[PDB]
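>>> So I pulled this structure from the PDB, and the sequence comes with it:
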Amino acid sequence: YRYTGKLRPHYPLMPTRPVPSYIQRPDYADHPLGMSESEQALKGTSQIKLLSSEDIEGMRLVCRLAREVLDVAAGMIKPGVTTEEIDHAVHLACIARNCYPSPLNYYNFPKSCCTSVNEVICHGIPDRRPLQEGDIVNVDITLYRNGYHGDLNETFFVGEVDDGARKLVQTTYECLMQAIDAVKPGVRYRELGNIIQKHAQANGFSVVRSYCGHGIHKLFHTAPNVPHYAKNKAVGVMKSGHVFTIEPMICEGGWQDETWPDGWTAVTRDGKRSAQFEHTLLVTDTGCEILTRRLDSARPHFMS
Ligand SMILES: O=C(NO)c1ccnc2c1ccn2Cc1ccccc1
Ligand SMILES: [Co+2]
Ligand SMILES: [Co+2]
Ligand SMILES: [Mg+2]
Ligand code: NA
């Protein structure tokens with residue numbers, strides 16, 4: 001395998017972390033290939049759940065808890081910290097909040113969060129590599145509580161970064177917020193990729209095509225499919241009571257991705273950097289609520 005950049009996996013991985021049996025588990029947690037029977041059943045349906053009041057309270061709760069866990073991870077980002085140590089802290093933080101860390105054994109993913117450095121687009125596996133000054137790193141969190149999943153991510157700076165890193169991360173965050181600002185009943189899910197790609201291209205960046213936003217609630221990934229690029233053919237119209245993610249991945253060079261031999265880590269084919277942000281959103285009559293927002297600070301972590 002020809003690595004596309006400088007990054008390499010740093011093995012061994014710490015042995016798999018257990019979740020106490022007192023924590024409710026999603027179906028895939030105990031499936032040997034990590035398959036979700038509930039996702040596979042709804043595979044090939046395009047109908048989007050209208051959440052009940054009970055469902056909405058359950059999503060507010062788990063999305064609030066997932067934000068608290070991302071904020072734990074954000075506190076740790078500095079030179080010399082391993083991504084494995086971030087994952088260990090995340091894993092304990094979930095457990096402390098009576099949540100299952102959704103990524104764990106999702107299609108056999110080995111860890112409790114994804115940590116994506118520099119050319120990694122998404123789904124990076126926490127490992128023994130110490131963060132270096134100049135790195136950008138994304139931490140992607142998803143929790144499962146009382147049957148509901150809540151999903152968010154942010155990209156962070158590792159000490160001082162270059163002007164390129166600042167522009168890439170700022171623009172990706174702007175893409176996400178412009179998409180969110182368009183969300184309201186009656187808007188087609190395919191329109192968000194037009195707004196995202198228009199703002200990436202105006203700043204000289206490309207948009208990953210292989211990974212999309214998703215419906216989320218009782219399932220980790222379900223309808224709708226929400227592409228981040230222009231002129232996609234996503235099916236569906238936003239209705240009050242829909243919940244889904246927007247999670248644009250923006251790249252310095254081309255959009256093309258490939259996967260490491262580990263089967264998970266997605267990287268730019270050209271080895272240039274990619275950044276990502278993600279929120280979980282509830283469509284309301286007036287617009288949108290950001291279920292994974294910060295409650296106690298106006299700005300994402302990179303802004304400070
Ligand atoms: O937080 C997440 N997204 O916002 C999240 C998303 C999608 N897939 C995930 C994670 C967790 C683990 N896998 C599963 C996987 C399956 C085949 C290839 C690569 C990864
Ligand atoms: Co996520
Ligand atoms: Co997601
Ligand atoms: Mg090394
Ligand atoms: Na990256």
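Arrived safely. Residues are numbered from 1 along each chain as shown. Ligands and ions are numbered 1, 2, ... in the order given.

>>> Please make it C-alpha for all contacts and neighbour counts, starting now.
Fine.

>>> Confirm that residue 8 lies within a strand, as I assumed.
No - using DSSP: H, G, I helix; E, B strand; the rest coil, the secondary structure at residue 8 is coil, not a strand.

>>> Contact partners for it?
Applying CA atoms under 8 Å, 6 or more residues apart in numbering to residue 8 gives no contacts.

>>> likewise residue 20?
residue 95.

>>> Go ahead and report the secondary structure state at it.
For residue 20, the assignment made with three-state DSSP gives coil.

>>> isn't residue 237 right next to residue 183, touching?
No - using CA atoms under 8 Å, residue 237 makes no contact with residue 183, being 10.2 Å away.

>>> More neighbours: these two, which one.
The neighbour comparison of residue 237 against residue 183 (other CA atoms under 10 Å) goes to residue 183, with 23 against 16.

>>> The more buried one against residue 283, yeah?
Yes - look at residue 183 against residue 283 with CA under 8 Å: they come within range, at 6.9 Å.

>>> Overlap of the contact sets of the two?
Common neighbours of residue 183 and residue 283 (CA under 8 Å, 6+ apart) are residue 238.

>>> Surely residue 192 is within a helix?
Yes - counting by three-state DSSP, residue 192 falls inside a helix.

>>> how many neighbours does it have?
27.

>>> Which elements pack onto the biggest helix by length in the chain?
Secondary structure of the chain per DSSP state H: the longest helix is helix 53-75. Using 3 or more CA pairs under 8 Å, 6 or more residues apart in numbering; DSSP states H and E, the elements in contact with helix 53-75 are helix 83-96, strand 136-145, strand 148-157.

>>> now that helix and strand 136-145, what's the angle there?
Put simply, helix 53-75 runs at 150 degrees to strand 136-145, going by axes from the mean of the first three to the mean of the last three CA atoms, to 10 degrees.

>>> do helix 53-75 and ligand 2 meet?
No - Helix 53-75 is not in contact with ligand 2 by CA under 5 Å from the ion; minimum separation 10.2 Å.

>>> Show me what that helix is in contact with.
86, 89-90, 93-94, 97, 139-153, 156, 217, 241, 280, 291-294, 301.

>>> One more: stretch 181-196?
Contacts of stretch 181-196 (CA under 8 Å, 6+ apart): 175-176, 178-179, 207, 224, 226-240, 248, 283-288.
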